[PDB]
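Chemist: What follows is query38.cif, mmCIF, C-alpha atoms.
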```cif
data_start
loop_
_atom_site.label_atom_id
_atom_site.label_comp_id
_atom_site.auth_asym_id
_atom_site.auth_seq_id
_atom_site.Cartn_x
_atom_site.Cartn_y
_atom_site.Cartn_z
CA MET A 1 105.97 101.00 76.51
CA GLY A 2 103.46 103.55 74.95
CA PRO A 3 101.01 106.38 75.95
CA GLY A 4 98.52 104.07 77.76
CA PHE A 5 101.28 102.74 80.04
CA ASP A 6 102.54 106.37 80.46
CA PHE A 7 99.12 107.54 81.82
CA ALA A 8 98.80 104.39 84.02
CA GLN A 9 102.33 104.95 85.51
CA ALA A 10 101.56 108.66 86.23
CA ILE A 11 98.48 107.56 88.29
CA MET A 12 100.32 104.71 90.11
CA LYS A 13 103.35 106.87 91.08
CA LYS A 14 101.30 109.63 92.83
CA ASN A 15 97.71 108.35 93.47
CA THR A 16 98.13 104.78 94.99
CA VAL A 17 98.94 103.36 98.41
CA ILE A 18 99.15 99.75 99.64
CA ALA A 19 96.10 99.11 101.90
CA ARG A 20 96.00 96.12 104.32
CA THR A 21 92.82 94.91 106.08
CA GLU A 22 92.12 91.57 107.86
CA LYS A 23 90.97 90.31 104.40
CA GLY A 24 94.35 91.01 102.61
CA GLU A 25 96.64 93.54 100.86
CA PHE A 26 94.94 95.73 98.17
CA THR A 27 95.96 98.37 95.64
CA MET A 28 94.10 101.53 96.88
CA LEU A 29 93.46 104.56 94.62
CA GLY A 30 93.62 108.01 96.26
CA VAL A 31 91.16 110.41 94.47
CA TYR A 32 91.53 113.82 96.31
CA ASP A 33 92.27 115.26 99.81
CA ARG A 34 92.37 112.16 102.16
CA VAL A 35 89.65 110.28 100.17
CA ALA A 36 90.48 106.88 98.59
CA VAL A 37 88.60 103.84 97.17
CA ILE A 38 88.92 100.06 97.72
CA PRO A 39 86.69 97.05 96.84
CA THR A 40 83.90 96.60 99.42
CA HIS A 41 84.97 92.92 100.02
CA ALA A 42 88.16 94.33 101.71
CA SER A 43 85.80 94.86 104.76
CA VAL A 44 87.35 98.15 105.93
CA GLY A 45 87.03 98.72 109.70
CA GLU A 46 87.94 101.50 112.17
CA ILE A 47 91.74 100.95 111.59
CA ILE A 48 93.56 100.14 108.29
CA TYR A 49 97.30 99.80 107.39
CA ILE A 50 98.46 102.30 104.67
CA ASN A 51 102.01 101.54 103.38
CA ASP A 52 102.43 99.42 106.62
CA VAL A 53 101.46 102.38 108.94
CA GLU A 54 98.51 102.10 111.38
CA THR A 55 95.87 104.66 110.19
CA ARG A 56 92.46 105.62 111.66
CA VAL A 57 89.49 105.46 109.27
CA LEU A 58 87.53 108.74 109.64
CA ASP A 59 84.62 107.52 107.42
CA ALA A 60 83.85 104.49 105.21
CA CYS A 61 80.80 104.20 102.91
CA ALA A 62 79.94 101.06 100.88
CA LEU A 63 78.22 102.47 97.77
CA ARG A 64 74.90 101.10 96.44
CA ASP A 65 72.78 102.31 93.49
CA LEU A 66 69.32 103.88 93.89
CA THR A 67 67.83 100.34 93.46
CA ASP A 68 69.81 99.41 96.71
CA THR A 69 72.10 97.11 94.56
CA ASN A 70 75.82 96.63 95.55
CA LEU A 71 78.35 98.68 93.48
CA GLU A 72 81.44 97.00 95.18
CA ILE A 73 83.13 100.40 95.81
CA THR A 74 83.89 101.59 99.35
CA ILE A 75 84.91 105.32 99.73
CA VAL A 76 87.33 105.71 102.65
CA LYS A 77 88.47 108.96 104.32
CA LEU A 78 91.91 108.31 105.97
CA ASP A 79 93.39 110.12 109.04
CA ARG A 80 96.58 110.73 107.03
CA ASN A 81 98.95 113.74 107.32
CA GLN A 82 99.16 114.27 103.51
CA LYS A 83 96.63 114.88 100.67
CA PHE A 84 96.45 113.02 97.35
CA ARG A 85 96.85 114.91 94.04
CA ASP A 86 93.28 115.76 92.93
CA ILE A 87 92.50 113.41 89.96
CA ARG A 88 88.69 113.88 89.88
CA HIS A 89 88.91 115.59 86.43
CA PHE A 90 90.12 112.16 85.02
CA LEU A 91 86.88 110.42 86.12
CA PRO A 92 84.16 109.71 83.53
CA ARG A 93 80.76 111.37 84.00
CA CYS A 94 78.66 108.48 82.52
CA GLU A 95 78.61 104.67 82.06
CA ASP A 96 80.52 103.73 78.89
CA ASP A 97 82.57 101.17 76.90
CA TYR A 98 86.33 101.81 76.28
CA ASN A 99 89.17 100.73 73.98
CA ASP A 100 92.78 99.83 74.91
CA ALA A 101 92.68 99.85 78.76
CA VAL A 102 95.54 99.07 81.24
CA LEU A 103 95.08 97.38 84.64
CA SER A 104 97.83 98.52 87.09
CA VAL A 105 98.61 96.84 90.49
CA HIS A 106 101.09 97.69 93.25
CA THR A 107 101.34 95.36 96.31
CA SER A 108 104.08 93.36 98.17
CA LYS A 109 103.15 90.32 95.93
CA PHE A 110 102.87 92.28 92.60
CA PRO A 111 105.00 95.52 92.57
CA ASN A 112 105.01 97.81 89.47
CA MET A 113 102.60 95.47 87.57
CA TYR A 114 100.89 96.74 84.37
CA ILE A 115 98.54 94.57 82.16
CA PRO A 116 97.23 95.68 78.72
CA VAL A 117 93.66 94.23 78.96
CA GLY A 118 92.29 95.58 75.60
CA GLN A 119 88.61 96.33 74.99
CA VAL A 120 86.40 97.09 78.06
CA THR A 121 82.60 96.31 77.82
CA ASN A 122 79.88 98.04 79.90
CA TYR A 123 78.74 94.59 81.18
CA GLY A 124 76.25 95.95 83.78
CA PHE A 125 74.86 93.21 86.06
CA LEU A 126 77.17 90.57 87.60
CA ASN A 127 76.54 87.96 90.30
CA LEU A 128 79.89 88.66 92.03
CA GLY A 129 80.74 85.99 94.64
CA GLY A 130 76.95 85.42 95.09
CA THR A 131 76.19 89.20 95.46
CA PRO A 132 74.10 90.96 92.73
CA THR A 133 76.31 93.88 91.56
CA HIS A 134 75.71 96.73 89.04
CA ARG A 135 77.94 99.05 86.88
CA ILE A 136 80.48 96.24 86.11
CA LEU A 137 83.11 96.69 83.35
CA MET A 138 84.50 93.45 81.74
CA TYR A 139 87.84 92.71 79.99
CA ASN A 140 89.01 89.42 78.43
CA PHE A 141 92.12 88.87 80.57
CA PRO A 142 92.63 85.96 83.05
CA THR A 143 93.17 88.07 86.22
CA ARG A 144 94.21 86.35 89.53
CA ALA A 145 94.03 86.72 93.32
CA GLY A 146 96.17 89.74 94.34
CA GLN A 147 94.83 92.11 91.60
CA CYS A 148 91.71 93.40 93.47
CA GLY A 149 91.80 97.20 93.85
CA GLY A 150 93.93 97.41 90.67
CA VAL A 151 93.36 100.65 88.72
CA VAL A 152 91.78 100.50 85.22
CA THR A 153 92.79 103.45 82.95
CA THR A 154 92.70 104.59 79.36
CA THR A 155 94.76 107.58 78.07
CA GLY A 156 93.34 110.53 80.03
CA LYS A 157 90.72 108.56 82.07
CA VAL A 158 90.58 106.56 85.36
CA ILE A 159 87.54 104.33 84.70
CA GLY A 160 87.35 101.60 87.41
CA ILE A 161 88.90 99.38 90.12
CA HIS A 162 89.34 95.59 89.64
CA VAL A 163 86.88 93.57 91.88
CA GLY A 164 86.86 89.97 90.48
CA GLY A 165 87.37 87.37 87.75
CA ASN A 166 86.07 83.99 86.43
CA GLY A 167 89.46 82.57 85.26
CA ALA A 168 89.01 83.91 81.63
CA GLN A 169 87.44 87.40 82.19
CA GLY A 170 88.20 90.18 84.70
CA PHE A 171 85.64 92.59 86.17
CA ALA A 172 85.94 96.17 87.49
CA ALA A 173 83.54 98.49 89.36
CA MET A 174 82.99 101.82 87.50
CA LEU A 175 84.33 105.05 88.97
CA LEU A 176 82.05 108.03 88.19
CA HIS A 177 82.74 111.74 88.85
CA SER A 178 79.39 111.96 90.79
CA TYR A 179 80.72 109.63 93.54
CA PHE A 180 83.27 112.34 94.68
CA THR A 181 81.37 115.67 94.63
CA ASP A 182 82.16 117.25 98.06
#
```
Could you express the structure from this file as structure tokens?
Modeler:
Amino acid sequence: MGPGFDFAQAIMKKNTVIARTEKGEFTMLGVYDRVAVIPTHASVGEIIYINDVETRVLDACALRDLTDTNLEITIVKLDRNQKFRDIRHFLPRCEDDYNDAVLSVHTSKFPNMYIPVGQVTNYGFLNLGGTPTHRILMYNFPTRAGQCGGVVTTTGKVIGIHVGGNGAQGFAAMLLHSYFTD
């Protein structure tokens, strides 16, 4: 409808795949080469389905901060025959608050879904499903089951991936440029 949705659509149309694990179907963001991200609660194993095709996992790393606290991001390298568009220059360098964000989801259950979530707070600490978690972004939208892995954007920036909700608020894990230096 406007320039926020335009940026979100440009990322969904070239930089997402549908990922299936034994724990469900997830929006998965491809960042560069064969490297993608997914919430750590997806429990990625040695094999994953990517757009309903059996795919070997070459590497999977569940990120933690230097205090050994969960960040809820897993970085996956896929044995795929095609590279993602390199979007690392759209990643923020530091922790921050944002205005006027969009949460975008693409699964079997929710195809071509875009949600204007408004103001995003640098929330920091969250007890997420009983697990202490850091670098959490919060937005005042009642997100639901099926939105995990959803991409959070502003105009010109890819800032996080949806990882949870409490019925009134939604929560995303930060994406930082420093996670994807090669």
Chemist: Take CA of residue 88 (chain A) and CA of residue 50 (chain A) and report the distance between them in Å, one decimal.
Modeler: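 Value for the CA of residue 88 (chain A)-CA of residue 50 (chain A) distance: 21.2 Å.
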Chemist: With all atoms listed in the file as the basis for distance, which of A:133, A:119, A:16, A:55 is at the shortest distance from residue 79 (chain A)?
Modeler: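 Checking each candidate against residue 79 (chain A), we get A:55 as the closest.
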Chemist: What's around residue 46 (chain A) at 8 Å? Count only C-alpha atoms, leave out sequence neighbours fewer than 2 positions away in its own chain, and write the answer as JSON, numbers by chain.
Modeler: {"A": [44, 48, 56, 57, 58]}
Chemist: Give the answer as one residue: which of A:92, A:2, A:156, A:24 has the shortest atom-to-atom distance to residue 180 (chain A), using all atoms listed in the file?
Modeler: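 Smallest distance to residue 180 (chain A) is found for A:92.
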Chemist: Please provide the set of residues having any atom within 9 Å of region 63-73 of chain A, restricted to all atoms listed in the file, with same-chain residues fewer than 3 positions apart removed, written as number ranges by chain.
Modeler: A: 37-41, 131-136, 161, 163, 172-175, 179
Chemist: Could you name the residues that touch region 96-110 of chain A at 7 Å or less, counting all atoms listed in the file, but leaving out those on the same chain fewer than 2 positions away, as a PDB file with C-alpha atoms, keeping the file's coordinate frame?
Modeler:
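What ended up in selection.pdb:
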```pdb
ATOM      1  CA  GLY A   4      98.520 104.070  77.760  1.00  0.00           C
ATOM      2  CA  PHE A   5     101.280 102.740  80.040  1.00  0.00           C
ATOM      3  CA  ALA A   8      98.800 104.390  84.020  1.00  0.00           C
ATOM      4  CA  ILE A  18      99.150  99.750  99.640  1.00  0.00           C
ATOM      5  CA  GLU A  25      96.640  93.540 100.860  1.00  0.00           C
ATOM      6  CA  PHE A  26      94.940  95.730  98.170  1.00  0.00           C
ATOM      7  CA  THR A  27      95.960  98.370  95.640  1.00  0.00           C
ATOM      8  CA  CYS A  94      78.660 108.480  82.520  1.00  0.00           C
ATOM      9  CA  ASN A 112     105.010  97.810  89.470  1.00  0.00           C
ATOM     10  CA  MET A 113     102.600  95.470  87.570  1.00  0.00           C
ATOM     11  CA  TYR A 114     100.890  96.740  84.370  1.00  0.00           C
ATOM     12  CA  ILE A 115      98.540  94.570  82.160  1.00  0.00           C
ATOM     13  CA  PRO A 116      97.230  95.680  78.720  1.00  0.00           C
ATOM     14  CA  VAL A 117      93.660  94.230  78.960  1.00  0.00           C
ATOM     15  CA  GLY A 118      92.290  95.580  75.600  1.00  0.00           C
ATOM     16  CA  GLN A 119      88.610  96.330  74.990  1.00  0.00           C
ATOM     17  CA  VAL A 120      86.400  97.090  78.060  1.00  0.00           C
ATOM     18  CA  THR A 121      82.600  96.310  77.820  1.00  0.00           C
ATOM     19  CA  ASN A 122      79.880  98.040  79.900  1.00  0.00           C
ATOM     20  CA  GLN A 147      94.830  92.110  91.600  1.00  0.00           C
ATOM     21  CA  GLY A 150      93.930  97.410  90.670  1.00  0.00           C
ATOM     22  CA  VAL A 151      93.360 100.650  88.720  1.00  0.00           C
ATOM     23  CA  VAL A 152      91.780 100.500  85.220  1.00  0.00           C
ATOM     24  CA  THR A 153      92.790 103.450  82.950  1.00  0.00           C
ATOM     25  CA  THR A 154      92.700 104.590  79.360  1.00  0.00           C
TER      26      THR A 154
END
```
Chemist: One number please: CA of residue 75 (chain A) to CA of residue 59 (chain A), in Å, one decimal.
Modeler: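 Pair CA of residue 75 (chain A) / CA of residue 59 (chain A) returns 8.0 Å.
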Chemist: I'd like the neighbourhood of residue 14 (chain A) as a list in words, where a residue qualifies if any of its atoms comes within 12 Å (using all atoms listed in the file), though same-chain residues fewer than 3 positions away should be ignored.
Modeler: residues 7, 8, 9, 10, 11, 17, 28, 29, 30, 31, 32, 82, 83, 84, 85, 86, 87 and 106 of chain A
Chemist: Report, in Å to a single decimal, how far apart CA of residue 54 (chain A) and CA of residue 159 (chain A) are.
Modeler: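 If I compute the distance from CA of residue 159 (chain A) to CA of residue 54 (chain A), I get 28.9 Å.
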Chemist: Which residue is closest to residue 36 (chain A)? Choose from A:149, A:165, A:170, A:129 and count only C-alpha atoms.
Modeler: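 Checking each of A:149, A:165, A:170, A:129 against residue 36 (chain A), counting only C-alpha atoms, the winner is A:149.
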Chemist: Residues picked by the PyMOL selection byres ((chain A and resi 23) around 7) here, as a PyMOL selection string?
Modeler: chain A and resi 21-22+24+42-43
